[PDB]
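>>> return atomic coordinates for the entry below.
(6 chains, ligands or ions: 1)
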Amino acid sequence: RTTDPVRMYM
Amino acid sequence: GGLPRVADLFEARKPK
Amino acid sequence: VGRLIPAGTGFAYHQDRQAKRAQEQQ
Amino acid sequence: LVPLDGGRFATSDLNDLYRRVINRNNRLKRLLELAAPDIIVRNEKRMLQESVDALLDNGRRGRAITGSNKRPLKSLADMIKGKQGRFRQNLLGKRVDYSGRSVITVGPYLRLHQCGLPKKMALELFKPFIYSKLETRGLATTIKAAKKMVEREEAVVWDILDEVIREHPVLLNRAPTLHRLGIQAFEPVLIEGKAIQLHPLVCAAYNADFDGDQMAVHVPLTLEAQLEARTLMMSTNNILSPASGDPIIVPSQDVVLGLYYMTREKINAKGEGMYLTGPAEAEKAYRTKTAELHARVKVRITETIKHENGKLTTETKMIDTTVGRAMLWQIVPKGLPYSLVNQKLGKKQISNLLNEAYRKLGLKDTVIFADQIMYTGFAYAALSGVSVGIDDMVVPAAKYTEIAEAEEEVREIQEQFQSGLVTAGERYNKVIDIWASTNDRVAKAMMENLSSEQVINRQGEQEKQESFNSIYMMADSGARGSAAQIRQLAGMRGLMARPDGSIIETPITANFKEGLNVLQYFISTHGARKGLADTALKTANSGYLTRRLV
Amino acid sequence: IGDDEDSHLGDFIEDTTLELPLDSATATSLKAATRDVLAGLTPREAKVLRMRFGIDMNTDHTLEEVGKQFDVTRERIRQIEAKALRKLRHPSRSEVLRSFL
Amino acid sequence: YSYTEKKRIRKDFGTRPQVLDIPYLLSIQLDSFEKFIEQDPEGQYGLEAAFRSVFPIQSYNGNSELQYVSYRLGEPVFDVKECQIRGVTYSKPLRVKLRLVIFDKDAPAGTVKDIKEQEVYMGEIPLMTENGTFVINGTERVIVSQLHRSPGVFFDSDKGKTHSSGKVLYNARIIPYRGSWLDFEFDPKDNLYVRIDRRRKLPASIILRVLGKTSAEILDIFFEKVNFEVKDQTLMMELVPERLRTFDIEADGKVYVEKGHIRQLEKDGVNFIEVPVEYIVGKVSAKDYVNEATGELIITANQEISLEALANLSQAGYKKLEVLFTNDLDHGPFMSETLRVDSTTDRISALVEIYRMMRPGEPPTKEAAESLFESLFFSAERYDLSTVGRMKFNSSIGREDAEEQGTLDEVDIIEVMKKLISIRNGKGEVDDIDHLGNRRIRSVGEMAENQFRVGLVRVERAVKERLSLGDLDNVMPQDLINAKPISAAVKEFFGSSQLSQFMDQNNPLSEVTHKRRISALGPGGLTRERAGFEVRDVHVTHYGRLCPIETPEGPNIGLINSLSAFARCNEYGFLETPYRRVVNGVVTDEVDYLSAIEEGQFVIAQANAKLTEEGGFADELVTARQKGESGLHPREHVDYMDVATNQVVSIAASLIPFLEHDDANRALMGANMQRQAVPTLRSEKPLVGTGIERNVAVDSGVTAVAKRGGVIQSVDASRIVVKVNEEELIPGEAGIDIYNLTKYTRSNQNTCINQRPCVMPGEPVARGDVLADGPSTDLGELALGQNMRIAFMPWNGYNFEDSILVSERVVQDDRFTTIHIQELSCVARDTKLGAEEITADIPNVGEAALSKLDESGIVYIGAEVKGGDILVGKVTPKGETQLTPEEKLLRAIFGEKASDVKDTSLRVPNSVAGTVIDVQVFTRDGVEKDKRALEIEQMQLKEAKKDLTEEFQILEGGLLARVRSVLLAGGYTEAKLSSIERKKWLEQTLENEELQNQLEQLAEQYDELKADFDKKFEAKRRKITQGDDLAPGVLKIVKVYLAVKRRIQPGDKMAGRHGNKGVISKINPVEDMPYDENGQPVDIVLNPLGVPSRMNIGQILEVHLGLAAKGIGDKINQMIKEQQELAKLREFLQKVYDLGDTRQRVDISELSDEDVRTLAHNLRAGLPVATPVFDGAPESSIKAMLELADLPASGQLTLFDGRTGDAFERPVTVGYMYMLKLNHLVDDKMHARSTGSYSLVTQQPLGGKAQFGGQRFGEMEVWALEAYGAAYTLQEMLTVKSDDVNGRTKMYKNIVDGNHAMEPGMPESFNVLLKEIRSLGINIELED
Ligand SMILES: [Mg+2]
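Numbering: from 1, shown residues only, chains lettered A, B, ... in the order given. Provided below are the atomic coordinates:
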């Protein structure tokens, strides 16, 4: 649903 | 009305 | 690639090479 | 990564991307050496993948990585692709040595294969050739001495330059190069100045006018390139349009005006009815003020026809003509009929003359004929003294009456609209119709008043003559102008359109001689801005279409 | 660069490490002139100068290797090179070489 | 008449009197910057608004807060001239008083434990000069106003060009000054959908639910309810009469039509009706129905009603049921449909969906979602619908409250949604986006305020962070504020913004036009490529606000506009134009400034309307415009009139004579190239003008205008000293005014800025009089070009196309010779090998090139230098360099070997010859000053000492004259005062206390007249003596100024004011020019063929008028030469000035004899005439003028060919036209290159004349060569001319040795491509 690795890390 | 017509003619554009 | 175009004065040149190609490929 | 002036360094974004990749790879190796928790290792692997993707193609995977300029870093894909990429900026098009650029002027004395080149500009372009010839004749022992002499600008250097460019063709190119006629080969002639002198007859080929235009010049170096320029790209060979086959060196403006003025006919002119032995005697009469250029005379013409099979038949006969027509026949090459010159010569007539000369005689005769036509046209346009004045714009006396009639019946139909007999759309349509009709009537009246005059002939009666008005002569000859522009100058400007396209009911009932008021000028600007913007965008559209076709 | 958007700074950086073609042509002319001038000498001194300066050879040589081929000692090589330099300073055969300074 | 204009009175051909003078042209900049800087007690504009918007800064915990008190601007370190010379920004320090109140933790919150007040330095704010310019980094810049979309809500539609069918789709956009954008659009399925920040689209009911609105509340707000009760066992609809106007109608006494007007039966009026059951089947419910016994929901809000539902409601005992109204024409079910598609059922789920739309791929929490919504639109920190935006919003939705709020709310959003629904239904219209009532002007003040607020937020985050921590016992508020972010923000705005542009300084007109320019580009605006036709078009609201003529011709057409002559910006930033009120049928001279929204309602007549002696309109039906449409209107229906005939055209367009006779296309070019004229040696007035030249010359600031009236005391080529009048002295003032003139100063375009005095010693001057004429100015009138005799004829093809044939006399008299000042710099820096030194010991350079250099190595002042001459001799240390064996042999043969330092000296560019006029040496602090530096320092100190001494001498002469007068109040013999020596006056002795106290204070003041002047001189010594702050690594900078005289030559671009531009083709001899019967040759011959096709007739009229003007001048000259009586001269002048029925009444009775002689002397070179635009001279007036000058009425003379002497067969239009020399010179455009520098990566020739680069052989050229079949030429261009490193060297050697043959190789660009493709992990290889 998202592509930003930062959001996945959080 | 002429240049776009030529462009679609050479691009084999499908009419609506 | 900076070679002669196969049009006009380069045409014969390119033609020559193709001939040699076939003749070597024999 | 090279130093700039002042200690600053210039770097490519590829360095930053590679540094990111290396740092993340080393961090991944260190984490794997530390037996890291899995989550940190997965995060590092994601970062490594993102760095590699950004290095290969930035912005495709997600948010584009930006540097200290708040602007995305340029990757390898961006470096090889795009309008600014390697393919289109450095491979299919390049900046070249042995090239120059200068503003262009008009040389009316030049031949069709000659172009005026500045001496300093040629000195900079042809420098190695000057060195070679300065050593060959022993004027300079080594290349350093030759360079010193060239820098000091000695007279023998100028003689060497003149010998160098004697038969060396040079390439002239004007941007944009829409067709292949935009690059041509000429023989340089050294001139004192800084502007390139260009033959007028190639201007239509170049789409060039002398209002600040600049042209680039290139020097073919090898013998093959010089012979290619001489044989294929020379201006004397490119006189037919590759798109249609029609001549492209047809005269325009002053040449057409002069040939038109000299070939006109006047009633009761000085020297009328005289008998002349030929074109030479016609010229002699003209220079002696015996007869005018437009005097009806009878001239003995020796006329040779070259038939299709090659038969050359010469017939000498007396033809009713004018002095100017015979003087123009003095330059017409042998092999053409006199009927081509025995008429008033507009742009179409001169184009037909050149086309017939090409089809029946060849290329050399056509080139010489075109040069002579341009010379004669310029000379007799200068001798004509044609000038534009405020009295040349004659507004017909019927314009005011027609305007009053149109306004009156507009009032009548407005009254009809208040009665409900017709709707608003019908009223709009018929108002537009009547305004178009009134514009047509005013244009016809103005054209009739401008096209004719009454003169006194030999017998004393009044005879009908075509007018010698400067604006009418300019329009009729085809040099510059048309019926519509004369209509705007001396008749009505007509109905104009709103920005969306709808036509305003009230038209501009004033021309440019009387002058418009504020509202009419604003309405005119409405369409002028549209035209300018349409030209600006259609240029890019045509460029893209041409690129795709090529 | 400036207020433009299609121009970049990287298009305004020169290649200062390149050799101008005028410099290369001057080097070729100097080689030819040096060969011509050395041809106006006896083979002994001409080859002594050639080997002492590395002309048309890979490496420069000290006095000892120059002496060894002639079997002569170092001091004779030194005065041979001195004689060659004195002879080549005469303006009868040094005008062409002066233009390179 | 003023003294400066009485010297040369320009005849006015206008007929309409002016009721409003043209205002100051640079008000748009000065007013905005005054708003920015001047303190606002109300705190709504400028720095105060930003301070109160950011401050007070509150800590998160609550320990302390930082609040704003006041601000002030310090004194500048340097003035404008020193800032320009040094190369520093002209600015003022900003000092802000801040206090840091500390709260008490033990005490309840809100107790002020301590207060610490300090002034904090918050950066340097750049200052606007008196002329509306900025001095940034030593150069003059102009900030262009921006035309941007006004904040608020705009309703627009797709015009049926998106969906397959027509389906005109409507959208509404809420755009704030800062914050997120809110979009409400329709879909092809008739559903209201919402977007935030232009992301994925959702049903519009979500935004309603997130405000706590039930579906029943939504239906109540957006729908009208019809009620259906059960009365007497019958169905009972509450009848509303307006609704009725397919079944049988009840009320049997008044039965209506059955299953087949309304008002007649409705006249009686009933409140009852009965309908069939089927009428309820198709309706949808309005409220939720609950049964207490069952405890369930029988029918939900917004549900289709069925027979079973009706039965269930019947059994429940409910009798009243209300359903929503729905039609196909006036009322629509859109809201019900978007409620149906929407899956949300509560506020929490709506917040969750909004959070998923905002932040995808993140777990949604209630607190997070709640925060996101609150911030996106209801937070003043992240949302700001400013005062203009709020006003537009309230006008759009008709809301008369919350005028001071800048955050959206319930009422705003629901009103916007309702108005969009109404627009779809049919009630209401979409907004025009090109309408000037929807576009706003944003000037320097607003942009500077925004950037200052950005910097203040940057410092506010760090201030908050430090306040959170509690160690504030020994912390002062100046330790919390870092001024570097604020300085960075303002410097970025003033130096790197797209709208902060290099000033156009070719001539005063260019300056004025650049200061009055509006750009639709820039931040928050359009882009060149993405701009469409609509925004580039001329709108009907541009009348009197934006010039429809003046705009760039090219990609920037329509995107850059010019302010109209009388246009103004109101307090909200909307353009407004003046109009005259029409009261009781007469045109009152009262002026009302109207904007487009106010302009639309009224009917406005034009200035060309005829007027009677009583002030009313003459003809019954006058021409006017209403709602942007022109037409004919009754006299009594006119509400306003135009104030001037030049109200719609800008200044440059207003300077074109006979503009009404020229096409808009050519008027555009005329206006554009009037800004490209280059000043000449001798400024000459235009014979034919418009009368606006004085306004431009005065308001540009190039001229020296007298601040106070008086008598000129001293005039010199560089200084004017004026003795102020007795009525305009400030008490206790010197009484003199000093004007130092600018002499030969470089402009931004390498032109010459020179001020020449136009007053003589003893000449009376009033306030506003012109004392010195700047560049392109003649006696206070704008003078861009020269008056040249013009013959309209073809001349042997030398005027072919647009070419211009110019006589040699034009070159001889230097009529178009221009001075160009060029600046060159030599920077000696510090390198690794050593420090670069400036000296005269230049290796490998003879004494010939050192003649013009001094001991210090800098060229002398006044030295004539040509190309290649050394100006500054610089040597840089060089590392060891390896030598070829042949070079070693050469060095051994001739022992010359001196290569310790390398010559890199400043040399004059090639083809440039000029005189060195100025040398400036900048030395870093701590570096030894060379002898030339001390020489210039001594010259500057001597100049300062002499200037201060002279200024003090003149001012003390004036003040001692005042002293003298104070004594003359009584009157005595000052010969006794002079009997005692001047200094000995202070040696006098008085015993009387009355006299002695006088002497005491006089001595105490005379000795104090030394301390202040010594302080001023010491400050000047500090400024010259101190070192210069250069860039790191820079030791010394030497700047050399070269003055180049450029004469006219073939290739130079010359043009008039009517768009007729051209390039000079030949400089013909005088004997080959056409000449008249009197033997006067023409100087320029123009082609007539360019007049009719481009339809610029205003030139011909100008030509005729010019002829008449010169003729009259010649007559005046004759009258002066024959020494005729002054009475005849007065009679002739009165006859000249009385021609036509003009508004101008110049009578000579009150002109004195000396004034008459001066006027006649100024009219020798021709009588200036003014033809206002759209109020110019008719043809009859021109003919009368020609008849006065004894010239043909047709303006055509009989000319003779100078080469043969034969008269031309037709008369030729001969006259005088004002021609300009544009800044497109062939000297700066001629370039040629054989071999030079090459690119670092592509190994290709560089680009540009500055880099000695080559021309580009683009794709089209390659196509042309391929079409020709020229394979070998194409290969030459591709390989051996561009990027074959070995091939091009081999070609150079081969050409040098005669063998014109090439050995083509592989271009380096293809190798770079190969390496790049291999770097992309793709194997590309050349098979053999
Ligand atoms: Mg042009």
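>>> okay, CA-based contacts and neighbour counts for the rest of this
OK.
>>> mind checking the SS state of the residue in chain E positioned nearest to chain D?
Per Cα to the nearest Cα, residue E:26 is where chain E lies closest to chain D, at 6.3 Å. Following DSSP: H, G, I helix; E, B strand; the rest coil, the label given to residue E:26 is helix.
>>> near chain F, which residues of chain C?
C:1-5, C:7-10 (Cα under 8 Å from any Cα of the partner chain).
>>> buried subset of those?
Buried members of the residues of chain C next to chain F, scored by 16 or more other Cα atoms under 10 Å in any protein chain shown, are C:2-5, C:7-10.
>>> what's the closest non-adjacent residue to residue 3?
Went with chain A since none was named. residue D:62 (6.4 Å; Cα to Cα, 6 or more residues apart in numbering or on different chains).
>>> wrong one, I was asking about chain D
Leaving aside its sequence neighbours, residue D:3 sits nearest to residue D:9 (Cα to Cα, 6+ apart; 4.3 Å).
>>> equivalent analysis for residue F:382, please.
Nearest to residue F:382 is residue F:179, by Cα to Cα, 6+ apart, at 5.5 Å.
>>> so who does the one you found touch?
Contacts for residue F:179 (Cα atoms under 8 Å, 6 or more residues apart in numbering or on different chains) come out as F:376-377, F:382-384.
>>> my guess is residue E:48 contacts residue E:65, does it?
No - judged on Cα atoms under 8 Å, residue E:48 makes no contact with residue E:65 at a distance of 10.3 Å.
>>> neighbour count winner among those two?
residue E:48 (21 against 16; other Cα atoms under 10 Å in any protein chain shown).
>>> which positions in chain B make contact with chain D?
B:3, B:7.
>>> now name the helix or strand holding residue F:851.
Using DSSP states H and E, residue F:851 falls within no helix or strand.
>>> and for residue D:217?
With DSSP H and E as the criterion, the answer for residue D:217 is strand D:214-218.
>>> got the contact list for that strand?
D:98-104, D:170-175, D:196, F:1255.
>>> ok now it, how far from the chain's centre?
Per Cα atoms, centre = their mean, to the nearest Å, the displacement of strand D:214-218 from the mean C-alpha position of its chain is 15 Å.
>>> residues making contact with the following helix or strand past it?
For strand D:214-218, the following helix or strand on the C-terminal side (DSSP H and E) is helix D:223-231. Applying Cα under 8 Å, 6+ apart, the external contacts of helix D:223-231 come out as D:168-171, D:184-185, D:220, D:237, F:1270, F:1272-1273, F:1276, F:1300-1301.
>>> ok, stretch F:290-307 next?
By Cα under 8 Å, 6+ apart, stretch F:290-307 touches F:215-216, F:219, F:280-289, F:309, F:312-313, F:316, F:336, F:339-340.
>>> same deal with stretch D:453-463?
Contacts for stretch D:453-463 (Cα under 8 Å, 6+ apart): D:267-268, D:464-467.
>>> what distance do you get for residue D:457 to residue F:1000?
109 Å (Cα to Cα, to the nearest Å).
>>> stretch D:393-413: which residues count as buried?
D:393-396, D:399, D:402-403, D:406-407, D:410, D:413.
>>> so what touches that stretch?
D:427, D:431, D:434-435, D:438, D:441-442, D:445-446, D:449-450, D:471, D:489-491, D:509, D:513.
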